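Below is one structure; the comments refer to it alone.
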Amino acid sequence: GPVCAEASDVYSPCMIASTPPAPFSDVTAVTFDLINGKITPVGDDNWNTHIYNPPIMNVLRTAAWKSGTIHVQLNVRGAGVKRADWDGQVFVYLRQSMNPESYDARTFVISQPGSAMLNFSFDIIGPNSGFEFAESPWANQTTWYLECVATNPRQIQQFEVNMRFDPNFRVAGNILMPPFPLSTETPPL
Amino acid sequence: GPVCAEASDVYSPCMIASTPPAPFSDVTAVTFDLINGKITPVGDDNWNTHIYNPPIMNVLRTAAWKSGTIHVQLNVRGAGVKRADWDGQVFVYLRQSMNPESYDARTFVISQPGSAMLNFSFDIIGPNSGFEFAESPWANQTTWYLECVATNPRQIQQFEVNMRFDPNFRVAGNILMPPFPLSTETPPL
Amino acid sequence: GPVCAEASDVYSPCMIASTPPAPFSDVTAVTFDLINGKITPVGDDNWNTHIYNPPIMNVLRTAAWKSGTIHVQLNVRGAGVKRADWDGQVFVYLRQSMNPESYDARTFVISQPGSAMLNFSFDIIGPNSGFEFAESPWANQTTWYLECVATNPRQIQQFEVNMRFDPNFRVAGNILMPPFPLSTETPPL
Amino acid sequence: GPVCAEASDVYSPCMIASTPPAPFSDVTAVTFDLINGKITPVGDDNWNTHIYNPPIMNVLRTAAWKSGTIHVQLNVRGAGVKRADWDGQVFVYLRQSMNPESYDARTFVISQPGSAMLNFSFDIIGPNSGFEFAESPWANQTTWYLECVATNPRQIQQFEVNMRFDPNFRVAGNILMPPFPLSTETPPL
Amino acid sequence: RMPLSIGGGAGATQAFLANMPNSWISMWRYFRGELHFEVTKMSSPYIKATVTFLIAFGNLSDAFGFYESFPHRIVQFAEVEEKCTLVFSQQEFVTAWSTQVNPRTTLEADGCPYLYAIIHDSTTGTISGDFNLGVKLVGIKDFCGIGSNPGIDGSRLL
Amino acid sequence: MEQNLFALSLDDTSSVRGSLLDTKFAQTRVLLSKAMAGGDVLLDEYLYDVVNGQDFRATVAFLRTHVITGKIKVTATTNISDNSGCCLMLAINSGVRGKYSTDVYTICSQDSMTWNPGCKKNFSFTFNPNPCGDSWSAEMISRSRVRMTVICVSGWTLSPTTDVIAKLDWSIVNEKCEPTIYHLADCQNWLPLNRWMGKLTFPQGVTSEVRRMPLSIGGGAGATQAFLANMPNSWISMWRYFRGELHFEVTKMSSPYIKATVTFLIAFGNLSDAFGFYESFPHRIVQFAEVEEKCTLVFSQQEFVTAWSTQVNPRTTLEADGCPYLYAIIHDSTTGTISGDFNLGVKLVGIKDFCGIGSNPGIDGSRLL
Amino acid sequence: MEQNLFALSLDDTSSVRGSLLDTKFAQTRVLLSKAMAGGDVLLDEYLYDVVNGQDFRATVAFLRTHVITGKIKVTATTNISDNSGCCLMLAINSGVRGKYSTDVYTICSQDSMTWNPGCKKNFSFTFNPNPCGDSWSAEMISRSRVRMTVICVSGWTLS
């Protein structure tokens, strides 16, 4: 149960966004990139990919050849919707492209309140010389993403992404680079 | 409690189905195969064994002699049925045939919301030369399955199956093979 | 929280029973045997000790001299009594006789829904030559049982017992034996 | 989440009491001794320190010089107060005297239903020759206790105390001893 | 005929019987090893018979063309001689069969080889008699047990 | 007379060293025809079902002796005359599922061989039904219902004399049966799986050919929007792309009256067959014979010492085609002096240290090969 | 595959050292009665005529292997209980003439043995049809029509 105790290590993230209008329509889900570059989903987004420029992270965004452990996670934000005046599921499905073909790599639980996380890892690796990249034309590829649900928007305001630059990280990258200015932090407690 | 943190490894699944009509009747439960071949339950199914053709998995479906660790799991999908306008139990009972005789190998908890998983393992093994198979006439057999409940259908839309091809997997198989075409993925976020 | 993941090992049980009529009266609790022989509680039972004849288990039932690890457990069954139209506690109290004298060995939590388990162990051991038995007249004894609550019957249909024949099991037994026929399985999904 | 599985070891307790009348007044909390001797709180008690005479425990009660691991715990009892017709917090605060001066050693979570435990340890130790005791006049002392809440009595009937005589227990004691008769067990399932 | 299935104990009119030669002596599924029995002439020095003992296939009904067709061992009783044992290993069956069964296990779908015997000689008495033959398991030649059986029963009429 | 011969020289066990004929006990004419639908099964029987009652040298032991432990060997005396060669394969795999499949990318791959309906005198293939190790009792494939075969792919484009159905002879041999398995820890010396992928319907005249094709590997193969997992393909993946010196086995299932010379290697499957001088990539090749025909391969890491994908998605491309493979180019001016058309085999027994890793969460789209 | 295995391990000759059971191929119940006329034939069959089609350890060689050269040996497991003993003899001689004879002073004497219907366990008699020497092909007694037997003289006076 709750013997929450001795938690640990260091953690960086990425951006931050939210389950939408009111105005607004029928159950969707945010399907954005799990690492770099084109970082947004499809269709009726208007979730505002409030892109942050993290350390180890744009490093992700700017890491072509990419070898090294990560401990991705999620957590959610909602409102003053009584635990009973509630129901806020989700089920992760991260994969390497996502489509009416494909088959998502992984999945993951929840179904309760706002601040409901998740935290794990994807043994990164690669092909040429054991490291890989964003459907890079040599033999072919796929890449990291995740399907962060949305089966009720007047249930969950925000979605939280986070990434762990581990020791097993034999990196590389310096990809050919466009905008990396900032959008850091608006603090409205 | 929730010190959800450092989760890990790699994971493949199988198919995916759901707790049924409205129209519909009195409490049942899906009793399908836990590995290969005939993969559906009995009676008023119409749950649609939306069969997927997974990697390590049809490999399961097509693994006659079968030695090697798996970390089967489950998780469920429901709806906008307030945590209070809820009650969604289940209790696993996987075994090797299932019947008004038999005695199911194992069981497993739950009772709450939609996305409620489970994840573990069945030390696979076997007879002849330490490996086994689907009630294969040599001395006799039984095989893997699981009893994935259904004590309230207007409580739980879907059921989720997943399988882990481990290291302790001294496989074999190439069973005599009929249809392995596809039914991959319809993505309706 | 729910990082339910990599669960494991093998598991056998015993019998299976339930918290009673409607008709029915005021809060009681099932107090049956934790291993062998006389396996039922006292007073207004009519819970129906639906006795099963398990492998490692009647082996329990028929294990006089008894040395070897077990990982007993419990889990419960209820109904379509909304998580809010709910309250289903229990608190384990297994000991070696139970009475208006005695003092129960152990206890254990819960208080929520139907399928709510528990799983652990009792370092079996013994006197004469380090092994023991059912108040067997040599110096004196006591034996295993458990107090599986019942502080609300229109809250919990069934009670689940299970037992683990471990490696540290230096057994013996072949006790002087009456009925061991069967009552296996009625499967009403 | 609930992968309750393989739990273990052996466990003894102490006494047992409850959050009070109806008749009764405004939010209090039971502040009794965490080991021996004067074992009751202050003010409007009438909780009835239903003192039990445990093994390793009066041994506590009668252990002057005191060296050796313990794994104290708590758990609570309530009623047929629907999970929604509920709210039953508590937060442990065990220390060595407790007062409008002092500062309690430790604390601990909860806030939900009746049977809600806790289980841990206090590295016992001591001064003279590394072992200690109940504000025993040599240099000075303090001693073990715990603040077992009560911020709503028509929420929680009982309070549960338990103690673990570990291996690291270099004991002593035979304190100068008054009443150690019994008050064992009334069994009203 | 008769098998060599092993498990738990034994029947009685839809009633059974766990014992010490049968249940911890399982847990695992099928059993795998050179165990051997002990037959005896609890019958006659005035009535004889010679009955093989071994491992063929309990899916062949007693009327085979030449039943003495499986890797032999056998009777040829005496007024004096009588107690006999056995010995059947892995040069022989060095492959699994089930220390278990379910009341609905079959022959015309019968897995594995066991001791399901065949006479030989023309049975006698010179009187009014009827023969017999023992069976027992003290100690094997390295037994492979593993796996488990989540459960059934159906205490095979032996 | 009297004797406790109940042991003597009677308890008959014998794993039998009968001369491969004192071992012989089979008698079934291997089917052979002309008016034929490409892949032409000349049967698919059983092991024990096969027949019940066959008077031969090793006799009672089929169901007597108990166990033996060599390879159930075969040699089927065939031939015809001289004009054209052809392909054939015998099916042997595992048990069955339901109304299954019947091909050379199917029935065989468990353990297999490859032969021509007119090559000198005969083919060999020593069947040991148990992969798990060796030794064997009557059941293991019986009550584990496997069925075997014999059939072309290619064929003697020149359809001949009649329907010569030869003889299918086996029993066993005293060979050191090799217990086949495939190491999860992917990167490895040698490789087991087999992989079916030969033949190439080649016209007469000299249509300026180069019938490319990849070298993608994964799972099994198609059929009209339908596919086929096998043992040379799926545990033989899991990981993503594959990385190692595997090599194929081509053959002249075509002509000693029609020839052709076709390179075999690793260039770039993003170059359509009409290149300026296609013979422009690190070579290896054909130059067939009346006699010569079966050929293999060999393509490593001095060569591609960098990853390509044991997988694909029905929407993978060429004008965005990653990696090098064997997509062939003739050389010589194709012939027949008649009415013919060439061909060319392909296969994967064992690599030179194969690097597998990573995984593929999933797709399929069983590449039309 | 290819091989001039037309010799290899194929030309099957083998004068066979099958274990006397890897050699065994017979299955015929030796007759035995009470209401009986002194000399009681419990049969007189043949060598090759004997039967055609008998599933046993040595199998194809009956008419395959070519030649061997040991003695066609027998052991018939019998007995009864304890009360009285008796005489029996198996017939084996040469070919035949016409409607011949059937006795212990007849059918046997070519090569023979002598046994009791209840002595301890069994009798032995290793038949080698050729007196002239040894070795043997399928014919020599076939196309030389000899027939064999089994019968008392004495008997267990106690029926």
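Residue numbers start at 1 in each chain; chains themselves are named A, B, ... in the order of the structure tokens; ligands are numbered from 1 in the order shown.
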Taking 2 positions as the minimum chain separation for residues in the same chain, which residues sit within 7 Å of residue 91 (chain A) when counting only C-alpha atoms? Answer as a compact mmCIF listing (two decimals) with C-alpha atoms, in the first residue's frame.
```
# COMPACT_ATOMS: atom_id res chain seq x y z
CA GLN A 89 -8.15 6.54 -16.96
CA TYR A 93 1.05 2.52 -25.80
CA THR A 107 1.28 -0.17 -22.93
CA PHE A 108 0.53 1.01 -19.38
CA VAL A 109 -2.08 1.32 -16.66
CA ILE A 110 -3.98 3.99 -14.53
CA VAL A 149 -4.58 8.69 -24.04
CA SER B 115 -7.18 0.19 -16.76
```
Report the closest atom pair, with its distance in Å rounded to one decimal, for each residue of chain B that has an atom no farther than 9 Å from chain C; count only C-alpha atoms, sort by chain and then rising residue number, and write it as CSV.
```
residue,atom,partner,partner_atom,distance
B:1,CA,C:1,CA,4.5
B:2,CA,C:1,CA,3.2
B:3,CA,C:1,CA,6.1
B:4,CA,C:1,CA,5.6
B:5,CA,C:3,CA,7.9
B:7,CA,C:3,CA,7.0
B:27,CA,C:189,CA,7.2
B:28,CA,C:189,CA,4.7
B:29,CA,C:189,CA,5.3
B:30,CA,C:189,CA,8.1
B:31,CA,C:189,CA,8.5
B:71,CA,C:6,CA,6.4
B:72,CA,C:6,CA,8.6
B:73,CA,C:5,CA,8.1
B:83,CA,C:83,CA,7.2
B:84,CA,C:84,CA,5.2
B:85,CA,C:82,CA,6.5
B:86,CA,C:82,CA,5.3
B:87,CA,C:82,CA,4.7
B:88,CA,C:80,CA,8.2
B:89,CA,C:115,CA,6.4
B:90,CA,C:115,CA,7.0
B:91,CA,C:115,CA,6.5
B:98,CA,C:187,CA,8.1
B:99,CA,C:187,CA,6.2
B:100,CA,C:186,CA,4.7
B:101,CA,C:185,CA,5.2
B:102,CA,C:185,CA,6.3
B:103,CA,C:185,CA,6.0
B:104,CA,C:185,CA,8.7
B:105,CA,C:12,CA,6.6
B:106,CA,C:11,CA,6.0
B:107,CA,C:11,CA,8.4
B:108,CA,C:117,CA,8.1
B:109,CA,C:115,CA,5.2
B:110,CA,C:115,CA,5.4
B:111,CA,C:115,CA,5.3
B:112,CA,C:83,CA,7.6
B:116,CA,C:2,CA,8.2
B:117,CA,C:4,CA,6.9
B:118,CA,C:4,CA,5.8
B:119,CA,C:5,CA,4.5
B:120,CA,C:7,CA,3.4
B:121,CA,C:8,CA,4.5
B:122,CA,C:8,CA,6.7
B:123,CA,C:9,CA,7.2
B:147,CA,C:189,CA,8.8
B:149,CA,C:189,CA,7.2
B:150,CA,C:189,CA,7.7
B:151,CA,C:79,CA,7.9
B:152,CA,C:80,CA,7.2
```
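Using only C-alpha atoms for every distance, the candidate list B:65, B:133, B:32, B:138 yields B:138 as the residue closest to chain E.
The coordinates place CA of residue 116 (chain G) at 6.0 Å from CA of residue 85 (chain G).
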task = Compile the contact shell of residue 119 (chain E) as a VMD selection string: residues with an atom at most 8 Å away, counting only C-alpha atoms, same-chain residues fewer than 3 positions apart removed.
result = chain E and resid 49 to 52
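Compared by their closest atoms to chain E, and using only C-alpha atoms, the residues C:62, C:96, C:48, C:136 rank with C:62 nearest.
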